[PDB]
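Participant: Quick one: the structure is below, questions incoming.
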Amino acid sequence: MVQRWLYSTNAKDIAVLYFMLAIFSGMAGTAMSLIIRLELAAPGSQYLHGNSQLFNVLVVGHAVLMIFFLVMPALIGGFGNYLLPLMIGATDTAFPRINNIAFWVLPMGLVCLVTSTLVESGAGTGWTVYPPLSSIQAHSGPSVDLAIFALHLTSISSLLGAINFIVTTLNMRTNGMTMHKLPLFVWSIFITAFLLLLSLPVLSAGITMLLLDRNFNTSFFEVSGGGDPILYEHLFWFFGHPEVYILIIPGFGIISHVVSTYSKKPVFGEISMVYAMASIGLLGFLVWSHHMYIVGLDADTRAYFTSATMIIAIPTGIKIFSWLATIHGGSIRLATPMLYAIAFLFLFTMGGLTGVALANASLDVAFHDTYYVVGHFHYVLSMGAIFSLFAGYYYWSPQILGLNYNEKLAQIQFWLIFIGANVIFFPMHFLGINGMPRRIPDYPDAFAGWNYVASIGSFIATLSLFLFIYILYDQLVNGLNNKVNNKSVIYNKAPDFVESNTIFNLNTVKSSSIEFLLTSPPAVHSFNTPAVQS
Amino acid sequence: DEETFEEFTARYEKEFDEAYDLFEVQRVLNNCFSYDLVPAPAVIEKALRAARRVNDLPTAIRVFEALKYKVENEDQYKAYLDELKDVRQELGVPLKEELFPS
Amino acid sequence: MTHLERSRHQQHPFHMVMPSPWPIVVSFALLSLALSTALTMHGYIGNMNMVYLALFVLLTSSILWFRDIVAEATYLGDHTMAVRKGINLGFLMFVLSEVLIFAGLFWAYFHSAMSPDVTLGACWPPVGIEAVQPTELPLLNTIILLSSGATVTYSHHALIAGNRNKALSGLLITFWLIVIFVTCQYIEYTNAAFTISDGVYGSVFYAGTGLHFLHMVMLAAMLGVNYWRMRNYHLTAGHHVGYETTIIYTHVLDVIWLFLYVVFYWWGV
Amino acid sequence: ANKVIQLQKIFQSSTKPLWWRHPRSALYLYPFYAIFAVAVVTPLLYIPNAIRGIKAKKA
Amino acid sequence: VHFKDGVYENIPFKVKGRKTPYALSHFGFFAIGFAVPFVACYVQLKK
Amino acid sequence: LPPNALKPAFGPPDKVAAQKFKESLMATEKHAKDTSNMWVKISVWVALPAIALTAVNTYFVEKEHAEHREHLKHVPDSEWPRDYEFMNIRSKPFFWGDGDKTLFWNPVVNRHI
Amino acid sequence: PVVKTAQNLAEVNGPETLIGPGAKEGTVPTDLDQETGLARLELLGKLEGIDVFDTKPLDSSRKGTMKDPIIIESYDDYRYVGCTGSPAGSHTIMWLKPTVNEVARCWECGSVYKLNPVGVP
Ligand code: HEA
Ligand code: HEA
Ligand SMILES: [Cu+2]
């Protein structure tokens, strides 16, 4: 009975297990970020006796945990292995052994990172591991080696999953399906997987080089010995920026799928923006170096980098207006996916606005490393990842379980996270213009009120997470009641003023795939017949 | 690409020739009203007779109140008033005297 | 039941699984390796043989699992084009990942071409230090590997075409050459150049050679396990897994090794 | 050969877990990979048992 | 391996059990939600 | 005699796609054989003599110019290279082992006592 | 327990019953008996065309209206198909669900589809 949860040859069990792992990592990260903000609620030592070493240890734990174990695993793995080979008509996905090996090399990473965080020395250089900031002299012990091993195994798992997705797309395509008119989700996953395949190996090679430096005590990136750590800095940039695309683009595909299956109208410029997304995937290797404007590059190089970084920014606005037209002229319902997508798009418009404000190189001299840059990427990453995952869960829970979820609880949950995010993120403009100095356990008490409101918003988010887990309990205990009564939403889309009750009852969903009317996940042998489409 | 619109109309009449239930009437009404085109009295009468082929007065209410509230079209009323008056006097479906006084 | 038979024996390649704890014991062995590494980082006992024994038993466990799984692959049968093509594609992906690792490791020391450093060097070679030169030590190994690659560039295809006593001769000469390679690697094991503790100027080539030797080590290990699998009468001319990979192994190996040999041996001295 | 057919017939006439393939290897591995695993894992986190009891209290 | 309808068994946990009617395992989940940061603080400092 | 009622869905009638796939597979096999023949011929013709000549001259130059480090153990301090802070610097204290407190017993890396 | 000629495309049932005798000396035999498992049947089928798990397209070009609805050759109770127009593409694909308990509709063709068994005793 345990082979199902240990040797799952089917993709759905691995998907839900990745979801559980990601949600566990996310709740742990949220709790410890609440602890950190409580430490930064007021200057001084109220709960933690200073310990700036420990402060940066939990700071890097925050960053690394949420980046590597919350956003990544579930958000790509579940949607990919549940839709990409299922909608195309394939019977079963290949390489179960590869996925099992990735799962079983993950606990190596979890245990090693736990030990690395739970040693006296620890690694606390933050998300940046550029030497000699990441040198063993300050952060001694085995923390760096364990972090490197976790990086390697996570990269291997993600790369193998992307390879499986790519080969499934390339080979398991049904006979009756053109390539040019693929759905936006399929192309989104395609671009994400190829960018991952072209980005992760570079970071893995850099991390292996750093591991060799730390073990064999050679001189590659140390300042002493004629080393150049800027090489690894550029490698980390060419990882992270394409990794930012990796984290965001599947969210774009999910939002596109939601709006297409809800608004009952086609997405404006669907094929044109498929081509635009292909262009984005092809040109992402040219705008990876708009952060190094101050390292000491030439003026002409600065001009080239800035020209690229605001010449590849148009498709963001193109997508904004395309989805605006997609919700234009159609029917919009007061449902949680609608409001989640609306909030995500609005806050993404502000995030892109801040990024465009950062696009200029001349202003960067007085704006780089100020509070504005960290506020900007917190905006974009936070709203993107968190709201995309929330919309995916609230849009896909009846698709994978079939047990309805309360509308009232979902709406109050949205309101709680939304108000928390707004109260946290509105004062960041004043914080940036004043120049709050980043990564200080004991900051000047001038920003005391803003730190207080940020702590209030963080605690609102934590009680919202408590509401999340209580909502999960409520669903698990009363899905039958939700199906019986109207306390939960029964149908995804409301009927129009053209449809009779019987006709709408026998035409409940007219979407682009059979997944919505596919019965609750069948046994491991599903899609026994190929999908025919014309 | 400003494609032809009478092709979908002819599709509507050829499905009327193949009409087998009120389901096809619902489908053709939804497809026609979904388009930006304002239906002429000829195609409106064709849809009305398609709905009446099963003799379902609620479908007549549906189509009449849909004509009354199909497209804003810069708030066209007087044309809508005369069109509803004639498509009412052709057969006679008095219903506006009931739901309006509510 | 003919339709049921065709949908159950052709569209259902599923294999039965019983609650075997093999994955969890593999994860337990991995955790044992992790804690052994942690003990090496900090420990109250100065013994060295325990961590070596742990690594050796982990390697033996991995080799045993690989030979076991190929044994069930050859033994359970139920092989179609689906399973063969899937395993071949997966192995090609694995060897492509190994190629990419080779390329990254090569570029790690290749990037010093324009000399963009700032101080204490910035013009390769950084004259001023007379350390031990890594050049000329492994050239015998690389040239004999070049000879072996040249003679096996299509010996595998000759084997798959003939599968005769010539195949036995090819396997025997492959065993002899890999034994010669591992012996010539083993001769300089501890006192190769010096102790890697301090004063690094030209140890990068030696480190690269040392890390590159590992893949040849598992190449020899997989060749040996393939020979033992043929000794077990499991890998015949049916759903071949050793042949389907060893046909392209030389073609994917010689290109990258020639790339790593034209430079890194004739350059940087 | 003369043993592959017999083994196949035995497996067909008797379907059991553990594959009935490596009994001596199983007895050498699993009980050892339990007892020795405990003996090598437990002391590492049992050494600080005497030090355990830190209340972060100083005078 | 092919006896899963997929209505309530998809979750990697057993609903049945009088000692753990999704009450003990989920309380352990509650505990481990805040356990790791608390123990990380406790190792070096006080909570 | 296996029990078959009517037919196990033999499938749609055959076409030329199967024979086209057969032709493609045979062309791949023939290309593999032809490239095997040509590459083996050119290799045994040119590469093996050239590889052997490179190997023998490399061996000769290695035996000639890479044998002067045998006497490096005993040498007067008269031709020592001009060293600097690159060498003779502090490192992490090392406590493992017994012999000379070194990772490997190579007392040749440092010539200063 | 007797040897099977296995010369018929339908008389073979059970990969376990097939082993394949070896050879003492000579050359590699053709892809008829040296292959192990049931892969030899599949490779023969792809060599000739008669295949199981066929990827051949169905009557997608056919409208499949009430005059002549499309056919599905499968005994499985459920159906996973789609039909949104006679040409290659004219509208977003909507899935069709042929069944015997009730009828089905296309919403663009209005076709009532009938699932097609295979003859049984
Ligand atoms: C992935 C991007 C990301 C996200 C989302 C966040 C989210 C947040 N970050 Fe962080 N942060 C970074 C990336 C991110 N951060 C990076 C790179 C740094 C710099 C690293 C450093 O230099 O070391 C940083 C640093 C950083 C600091 C600087 C540390 C300092 O020196 O003190 C602070 C300060 O408080 C902070 C706060 C927050 C807060 C309050 C949130 C809040 O938004 C948290 C809210 C999140 C939740 C809402 C999670 C909900 C949890 C769930 C259970 C999910 C449920 C979902 C399903 C599975 C259905 N972040
Ligand atoms: C969700 C991911 C995401 C997105 C979408 C963006 C969007 C953008 N980002 Fe940002 N960015 C990050 C993720 C993201 N960024 C991260 C993690 C960092 C931190 C890394 C590091 O520096 O440490 C970062 C940091 C960062 C910097 C670092 C600052 C410094 O050097 O220290 C810069 C600098 O140029 C920059 C630029 C931009 C630009 C120009 C956009 C634009 O693409 C925004 C696009 C949106 C718009 C176009 C506005 C809305 C649409 C319109 C109104 C249309 C009309 C307007 C125009 C076409 C002009 N980003
Ligand atoms: Cu960028």
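All residue names refer to the structure tokens as shown: chains lettered A, B, ... in order, residues numbered from 1 in each chain, ligands numbered from 1 in order.
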9 Å from ligand 3 is the threshold here; counting only C-alpha atoms and all ligand atoms, which polymer residues fall inside it? Answer as a list in words.
Facilitator: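 Listing the residues within 9 Å of ligand 3 gives residues 237, 241, 242, 244, 284, 286, 287, 288, 289, 290, 291, 308, 309, 312 and 313 of chain A.
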Participant: Produce a file of the selected residues containing N, CA, C and O atoms, as an mmCIF file, in the first residue's frame.
Facilitator:
data_model
loop_
_atom_site.group_PDB
_atom_site.id
_atom_site.type_symbol
_atom_site.label_atom_id
_atom_site.label_comp_id
_atom_site.auth_asym_id
_atom_site.auth_seq_id
_atom_site.Cartn_x
_atom_site.Cartn_y
_atom_site.Cartn_z
ATOM 1 N N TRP A 237 23.551 36.005 -11.787
ATOM 2 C CA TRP A 237 22.566 36.872 -12.429
ATOM 3 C C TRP A 237 21.878 36.157 -13.591
ATOM 4 O O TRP A 237 20.644 36.193 -13.720
ATOM 5 N N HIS A 241 17.742 35.890 -13.097
ATOM 6 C CA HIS A 241 16.795 36.564 -13.985
ATOM 7 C C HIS A 241 16.032 35.575 -14.860
ATOM 8 O O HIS A 241 14.787 35.638 -14.888
ATOM 9 N N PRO A 242 16.677 34.639 -15.567
ATOM 10 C CA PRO A 242 15.903 33.555 -16.185
ATOM 11 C C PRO A 242 15.152 32.711 -15.175
ATOM 12 O O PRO A 242 14.091 32.177 -15.508
ATOM 13 N N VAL A 244 13.762 34.031 -12.519
ATOM 14 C CA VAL A 244 12.581 34.866 -12.308
ATOM 15 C C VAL A 244 11.556 34.609 -13.406
ATOM 16 O O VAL A 244 10.354 34.465 -13.141
ATOM 17 N N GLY A 284 15.530 36.141 -23.682
ATOM 18 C CA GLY A 284 15.818 36.267 -22.263
ATOM 19 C C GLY A 284 17.291 36.195 -21.920
ATOM 20 O O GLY A 284 17.686 36.616 -20.828
ATOM 21 N N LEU A 286 19.568 37.991 -23.061
ATOM 22 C CA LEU A 286 20.182 39.272 -23.383
ATOM 23 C C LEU A 286 19.877 40.377 -22.382
ATOM 24 O O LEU A 286 20.488 41.447 -22.475
ATOM 25 N N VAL A 287 18.963 40.162 -21.435
ATOM 26 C CA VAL A 287 18.594 41.195 -20.473
ATOM 27 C C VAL A 287 18.864 40.700 -19.059
ATOM 28 O O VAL A 287 18.173 41.090 -18.112
ATOM 29 N N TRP A 288 19.871 39.842 -18.907
ATOM 30 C CA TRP A 288 20.192 39.268 -17.607
ATOM 31 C C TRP A 288 21.135 40.134 -16.783
ATOM 32 O O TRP A 288 21.381 39.809 -15.617
ATOM 33 N N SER A 289 21.662 41.217 -17.347
ATOM 34 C CA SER A 289 22.738 41.984 -16.726
ATOM 35 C C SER A 289 22.373 43.459 -16.627
ATOM 36 O O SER A 289 23.153 44.344 -16.981
ATOM 37 N N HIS A 290 21.167 43.747 -16.140
ATOM 38 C CA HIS A 290 20.769 45.114 -15.837
ATOM 39 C C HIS A 290 20.894 45.440 -14.354
ATOM 40 O O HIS A 290 20.424 46.496 -13.918
ATOM 41 N N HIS A 291 21.515 44.556 -13.572
ATOM 42 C CA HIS A 291 21.764 44.799 -12.158
ATOM 43 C C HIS A 291 23.198 45.219 -11.864
ATOM 44 O O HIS A 291 23.456 45.777 -10.792
ATOM 45 N N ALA A 308 18.600 47.086 -24.116
ATOM 46 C CA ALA A 308 17.956 45.778 -24.098
ATOM 47 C C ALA A 308 16.873 45.710 -23.027
ATOM 48 O O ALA A 308 15.761 45.225 -23.285
ATOM 49 N N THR A 309 17.165 46.219 -21.827
ATOM 50 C CA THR A 309 16.259 45.992 -20.711
ATOM 51 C C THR A 309 14.987 46.827 -20.802
ATOM 52 O O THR A 309 14.000 46.477 -20.146
ATOM 53 N N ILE A 312 12.943 44.965 -24.241
ATOM 54 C CA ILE A 312 12.237 43.703 -24.029
ATOM 55 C C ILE A 312 11.117 43.831 -22.996
ATOM 56 O O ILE A 312 10.531 42.817 -22.592
ATOM 57 N N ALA A 313 10.786 45.051 -22.568
ATOM 58 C CA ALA A 313 9.754 45.261 -21.559
ATOM 59 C C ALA A 313 8.362 45.484 -22.140
ATOM 60 O O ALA A 313 7.390 45.507 -21.377
#
Participant: For region 73-82 of chain F, please output as a ChimeraX atom specification all residues within 7 Å (counting only C-alpha atoms; exclusion window: fewer than 4 positions along the same chain).
Facilitator: /C:128,130 /F:108
Participant: List all protein, DNA and RNA residues that have at least one atom no more than 6 Å from any atom of ligand 1, counting only C-alpha atoms and all ligand atoms, and write them as a PyMOL selection string.
Facilitator: chain A and resi 19+23+26-27+30+37+59-60+63+66-67+126-127+378+381-382+386+389-390+393+439-440+458+465
Participant: Based on the backbone DSSP call, show me all residues of chain E assigned helix (DSSP H, G or I), as a PyMOL selection string.
Facilitator: chain E and resi 24-44
Participant: Write down, as an mmCIF file with N, CA and C atoms, in the first residue's frame, each residue of chain A that has any atom within 9 Å of an atom of chain C, counting only C-alpha atoms.
Facilitator:
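Full text of iface-v3.cif as output:
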data_model
loop_
_atom_site.group_PDB
_atom_site.id
_atom_site.type_symbol
_atom_site.label_atom_id
_atom_site.label_comp_id
_atom_site.auth_asym_id
_atom_site.auth_seq_id
_atom_site.Cartn_x
_atom_site.Cartn_y
_atom_site.Cartn_z
ATOM 1 N N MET A 1 0.826 -1.201 0.000
ATOM 2 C CA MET A 1 0.000 0.000 0.000
ATOM 3 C C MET A 1 0.863 1.255 0.000
ATOM 4 N N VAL A 2 2.133 1.097 0.388
ATOM 5 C CA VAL A 2 3.028 2.244 0.524
ATOM 6 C C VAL A 2 3.748 2.578 -0.772
ATOM 7 N N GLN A 3 3.705 1.684 -1.765
ATOM 8 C CA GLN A 3 4.320 1.981 -3.055
ATOM 9 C C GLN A 3 3.623 3.135 -3.760
ATOM 10 N N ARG A 4 2.340 3.359 -3.469
ATOM 11 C CA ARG A 4 1.639 4.490 -4.067
ATOM 12 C C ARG A 4 2.255 5.811 -3.630
ATOM 13 N N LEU A 6 5.350 6.073 -2.173
ATOM 14 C CA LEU A 6 6.805 6.044 -2.258
ATOM 15 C C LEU A 6 7.338 5.770 -3.656
ATOM 16 N N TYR A 7 6.633 4.984 -4.464
ATOM 17 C CA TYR A 7 7.049 4.625 -5.818
ATOM 18 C C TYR A 7 5.936 4.955 -6.804
ATOM 19 N N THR A 9 4.234 5.672 -9.769
ATOM 20 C CA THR A 9 4.423 5.719 -11.211
ATOM 21 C C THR A 9 3.461 6.687 -11.886
ATOM 22 N N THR A 91 -1.547 8.480 -22.658
ATOM 23 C CA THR A 91 -2.093 7.556 -21.670
ATOM 24 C C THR A 91 -1.413 7.738 -20.317
ATOM 25 N N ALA A 94 6.028 9.135 -19.065
ATOM 26 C CA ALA A 94 7.205 8.293 -18.955
ATOM 27 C C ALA A 94 8.093 8.770 -17.808
ATOM 28 N N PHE A 95 9.160 8.012 -17.551
ATOM 29 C CA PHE A 95 10.164 8.297 -16.530
ATOM 30 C C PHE A 95 9.564 8.439 -15.134
ATOM 31 N N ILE A 98 12.809 8.513 -12.764
ATOM 32 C CA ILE A 98 13.495 9.800 -12.657
ATOM 33 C C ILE A 98 12.822 10.678 -11.607
ATOM 34 N N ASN A 100 10.935 9.682 -9.102
ATOM 35 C CA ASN A 100 11.154 9.094 -7.786
ATOM 36 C C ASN A 100 12.562 9.384 -7.278
ATOM 37 N N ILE A 101 13.557 9.333 -8.167
ATOM 38 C CA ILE A 101 14.930 9.643 -7.777
ATOM 39 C C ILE A 101 15.042 11.100 -7.346
ATOM 40 N N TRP A 104 13.560 11.362 -3.915
ATOM 41 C CA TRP A 104 14.337 10.719 -2.865
ATOM 42 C C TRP A 104 15.712 11.343 -2.679
ATOM 43 N N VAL A 105 16.159 12.179 -3.617
ATOM 44 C CA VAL A 105 17.345 12.993 -3.383
ATOM 45 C C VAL A 105 16.979 14.339 -2.762
ATOM 46 N N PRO A 107 15.192 14.796 0.141
ATOM 47 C CA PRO A 107 15.412 14.822 1.597
ATOM 48 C C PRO A 107 16.868 14.983 1.974
ATOM 49 N N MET A 108 17.791 14.549 1.114
ATOM 50 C CA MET A 108 19.188 14.934 1.277
ATOM 51 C C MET A 108 19.308 16.445 1.408
ATOM 52 N N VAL A 111 17.502 17.753 4.794
ATOM 53 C CA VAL A 111 18.255 17.450 6.007
ATOM 54 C C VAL A 111 19.571 18.220 6.037
ATOM 55 N N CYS A 112 20.277 18.281 4.903
ATOM 56 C CA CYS A 112 21.548 18.994 4.869
ATOM 57 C C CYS A 112 21.356 20.484 5.119
ATOM 58 N N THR A 115 20.641 20.990 8.834
ATOM 59 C CA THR A 115 21.884 20.938 9.598
ATOM 60 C C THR A 115 22.715 22.198 9.384
ATOM 61 N N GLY A 141 32.427 25.901 9.374
ATOM 62 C CA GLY A 141 31.631 24.708 9.520
ATOM 63 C C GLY A 141 31.215 24.123 8.187
ATOM 64 N N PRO A 142 30.264 23.192 8.213
ATOM 65 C CA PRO A 142 29.820 22.522 6.984
ATOM 66 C C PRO A 142 28.642 23.177 6.277
ATOM 67 N N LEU A 146 26.834 21.858 2.649
ATOM 68 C CA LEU A 146 25.470 21.337 2.641
ATOM 69 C C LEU A 146 24.567 22.174 1.745
ATOM 70 N N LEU A 160 15.741 17.456 -14.563
ATOM 71 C CA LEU A 160 15.170 16.193 -15.021
ATOM 72 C C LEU A 160 13.667 16.310 -15.247
ATOM 73 N N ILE A 163 13.240 18.070 -18.487
ATOM 74 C CA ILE A 163 13.530 17.157 -19.591
ATOM 75 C C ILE A 163 12.343 16.240 -19.853
ATOM 76 N N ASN A 164 11.744 15.701 -18.788
ATOM 77 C CA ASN A 164 10.578 14.839 -18.958
ATOM 78 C C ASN A 164 9.430 15.596 -19.617
ATOM 79 N N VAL A 167 10.331 16.166 -23.411
ATOM 80 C CA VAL A 167 10.208 14.976 -24.248
ATOM 81 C C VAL A 167 8.744 14.574 -24.393
ATOM 82 N N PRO A 201 22.094 24.573 -15.621
ATOM 83 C CA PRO A 201 23.461 24.028 -15.717
ATOM 84 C C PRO A 201 24.554 25.050 -15.453
ATOM 85 N N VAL A 202 24.359 26.306 -15.858
ATOM 86 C CA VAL A 202 25.377 27.327 -15.621
ATOM 87 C C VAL A 202 25.546 27.575 -14.125
ATOM 88 N N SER A 204 24.729 25.496 -11.780
ATOM 89 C CA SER A 204 25.265 24.269 -11.201
ATOM 90 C C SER A 204 26.776 24.195 -11.374
ATOM 91 N N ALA A 205 27.276 24.584 -12.550
ATOM 92 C CA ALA A 205 28.718 24.615 -12.769
ATOM 93 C C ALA A 205 29.392 25.628 -11.851
ATOM 94 N N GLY A 206 28.787 26.807 -11.691
ATOM 95 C CA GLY A 206 29.348 27.789 -10.776
ATOM 96 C C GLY A 206 29.366 27.305 -9.337
ATOM 97 N N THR A 208 29.409 24.157 -8.346
ATOM 98 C CA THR A 208 30.442 23.130 -8.265
ATOM 99 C C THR A 208 31.827 23.756 -8.166
ATOM 100 N N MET A 209 32.063 24.834 -8.917
ATOM 101 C CA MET A 209 33.346 25.522 -8.838
ATOM 102 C C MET A 209 33.575 26.096 -7.442
ATOM 103 N N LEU A 212 34.460 23.278 -5.121
ATOM 104 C CA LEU A 212 35.861 22.913 -5.289
ATOM 105 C C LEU A 212 36.777 23.923 -4.609
ATOM 106 N N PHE A 216 39.078 22.073 -1.864
ATOM 107 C CA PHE A 216 40.486 21.930 -2.211
ATOM 108 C C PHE A 216 41.303 23.181 -1.921
ATOM 109 N N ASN A 217 40.665 24.263 -1.468
ATOM 110 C CA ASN A 217 41.352 25.494 -1.073
ATOM 111 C C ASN A 217 42.180 26.072 -2.222
ATOM 112 N N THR A 218 41.582 26.103 -3.410
ATOM 113 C CA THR A 218 42.216 26.711 -4.568
ATOM 114 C C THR A 218 41.850 28.194 -4.643
ATOM 115 N N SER A 219 42.300 28.858 -5.709
ATOM 116 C CA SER A 219 42.118 30.302 -5.879
ATOM 117 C C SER A 219 41.505 30.572 -7.252
ATOM 118 N N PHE A 220 40.175 30.639 -7.300
ATOM 119 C CA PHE A 220 39.436 31.026 -8.496
ATOM 120 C C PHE A 220 38.709 32.352 -8.342
ATOM 121 N N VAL A 223 39.645 37.103 -3.632
ATOM 122 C CA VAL A 223 40.336 38.327 -4.029
ATOM 123 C C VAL A 223 41.846 38.123 -3.998
ATOM 124 N N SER A 224 42.334 37.337 -3.041
ATOM 125 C CA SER A 224 43.755 37.025 -2.958
ATOM 126 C C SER A 224 44.068 35.850 -3.876
ATOM 127 N N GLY A 225 45.064 36.019 -4.740
ATOM 128 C CA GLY A 225 45.417 34.983 -5.691
ATOM 129 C C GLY A 225 45.030 35.340 -7.111
ATOM 130 N N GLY A 226 44.653 36.596 -7.327
ATOM 131 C CA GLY A 226 44.229 37.040 -8.642
ATOM 132 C C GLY A 226 42.935 36.419 -9.124
ATOM 133 N N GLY A 227 41.932 36.326 -8.252
ATOM 134 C CA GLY A 227 40.651 35.762 -8.609
ATOM 135 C C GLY A 227 39.641 36.816 -9.022
ATOM 136 N N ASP A 228 38.587 36.361 -9.699
ATOM 137 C CA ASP A 228 37.524 37.232 -10.200
ATOM 138 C C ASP A 228 36.169 36.664 -9.799
ATOM 139 N N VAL A 524 -4.438 4.586 -12.162
ATOM 140 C CA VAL A 524 -3.186 4.921 -12.831
ATOM 141 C C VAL A 524 -3.270 4.744 -14.341
ATOM 142 N N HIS A 525 -4.249 3.986 -14.832
ATOM 143 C CA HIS A 525 -4.439 3.785 -16.267
ATOM 144 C C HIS A 525 -5.603 4.663 -16.719
ATOM 145 N N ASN A 528 -6.952 5.871 -21.931
ATOM 146 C CA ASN A 528 -6.634 4.649 -22.659
ATOM 147 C C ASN A 528 -6.748 4.825 -24.168
ATOM 148 N N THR A 529 -7.427 5.873 -24.629
ATOM 149 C CA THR A 529 -7.591 6.129 -26.048
ATOM 150 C C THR A 529 -7.023 7.499 -26.407
#
Participant: May I have the residues within 12 Å of region 77-80 of chain G as a ChimeraX atom specification, using only C-alpha atoms and disregarding those fewer than 2 positions away in the same chain?
Facilitator: /A:86-91,513-515,517-519,522,526-533 /C:4 /G:71-75,82-83,94-101,104,113-117
Participant: Can you work out which one of F:95, F:67, F:50, F:8 has the shortest atom-to-atom distance to chain C, counting only C-alpha atoms?
Facilitator: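 Using only C-alpha atoms, the shortest distance to chain C belongs to F:8.
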Participant: For chain F against chain A, which residues fall within 12 Å using only C-alpha atoms, given as a PyMOL selection string?
Facilitator: chain F and resi 84-87+89+91-92+103
Participant: Could I get the residues of chain A with an atom no further than 6 Å from an atom of ligand 2, each paired with its nearest atom pair and that distance in Å to one decimal, using only C-alpha atoms and all ligand atoms, sorted by chain and residue number, as JSON lines?
Facilitator:
{"residue": "A:244", "atom": "CA", "partner": "ligand 2", "partner_atom_place_in_ligand_line": "2 (C)", "distance": 5.7}
{"residue": "A:248", "atom": "CA", "partner": "ligand 2", "partner_atom_place_in_ligand_line": "1 (C)", "distance": 5.9}
{"residue": "A:290", "atom": "CA", "partner": "ligand 2", "partner_atom_place_in_ligand_line": "35 (O)", "distance": 5.2}
{"residue": "A:291", "atom": "CA", "partner": "ligand 2", "partner_atom_place_in_ligand_line": "31 (O)", "distance": 3.8}
{"residue": "A:309", "atom": "CA", "partner": "ligand 2", "partner_atom_place_in_ligand_line": "40 (C)", "distance": 5.8}
{"residue": "A:310", "atom": "CA", "partner": "ligand 2", "partner_atom_place_in_ligand_line": "40 (C)", "distance": 5.5}
{"residue": "A:313", "atom": "CA", "partner": "ligand 2", "partner_atom_place_in_ligand_line": "43 (O)", "distance": 4.1}
{"residue": "A:314", "atom": "CA", "partner": "ligand 2", "partner_atom_place_in_ligand_line": "58 (C)", "distance": 4.7}
{"residue": "A:316", "atom": "CA", "partner": "ligand 2", "partner_atom_place_in_ligand_line": "45 (C)", "distance": 5.2}
{"residue": "A:317", "atom": "CA", "partner": "ligand 2", "partner_atom_place_in_ligand_line": "51 (C)", "distance": 3.9}
{"residue": "A:349", "atom": "CA", "partner": "ligand 2", "partner_atom_place_in_ligand_line": "50 (C)", "distance": 5.0}
{"residue": "A:352", "atom": "CA", "partner": "ligand 2", "partner_atom_place_in_ligand_line": "46 (C)", "distance": 3.4}
{"residue": "A:353", "atom": "CA", "partner": "ligand 2", "partner_atom_place_in_ligand_line": "49 (C)", "distance": 4.3}
{"residue": "A:355", "atom": "CA", "partner": "ligand 2", "partner_atom_place_in_ligand_line": "38 (C)", "distance": 3.5}
{"residue": "A:356", "atom": "CA", "partner": "ligand 2", "partner_atom_place_in_ligand_line": "40 (C)", "distance": 3.8}
{"residue": "A:358", "atom": "CA", "partner": "ligand 2", "partner_atom_place_in_ligand_line": "35 (O)", "distance": 4.3}
{"residue": "A:359", "atom": "CA", "partner": "ligand 2", "partner_atom_place_in_ligand_line": "35 (O)", "distance": 3.5}
{"residue": "A:364", "atom": "CA", "partner": "ligand 2", "partner_atom_place_in_ligand_line": "31 (O)", "distance": 5.8}
{"residue": "A:368", "atom": "CA", "partner": "ligand 2", "partner_atom_place_in_ligand_line": "32 (O)", "distance": 4.0}
{"residue": "A:369", "atom": "CA", "partner": "ligand 2", "partner_atom_place_in_ligand_line": "32 (O)", "distance": 5.4}
{"residue": "A:373", "atom": "CA", "partner": "ligand 2", "partner_atom_place_in_ligand_line": "29 (C)", "distance": 5.3}
{"residue": "A:377", "atom": "CA", "partner": "ligand 2", "partner_atom_place_in_ligand_line": "16 (C)", "distance": 4.3}
{"residue": "A:380", "atom": "CA", "partner": "ligand 2", "partner_atom_place_in_ligand_line": "1 (C)", "distance": 4.3}
{"residue": "A:381", "atom": "CA", "partner": "ligand 2", "partner_atom_place_in_ligand_line": "1 (C)", "distance": 5.2}
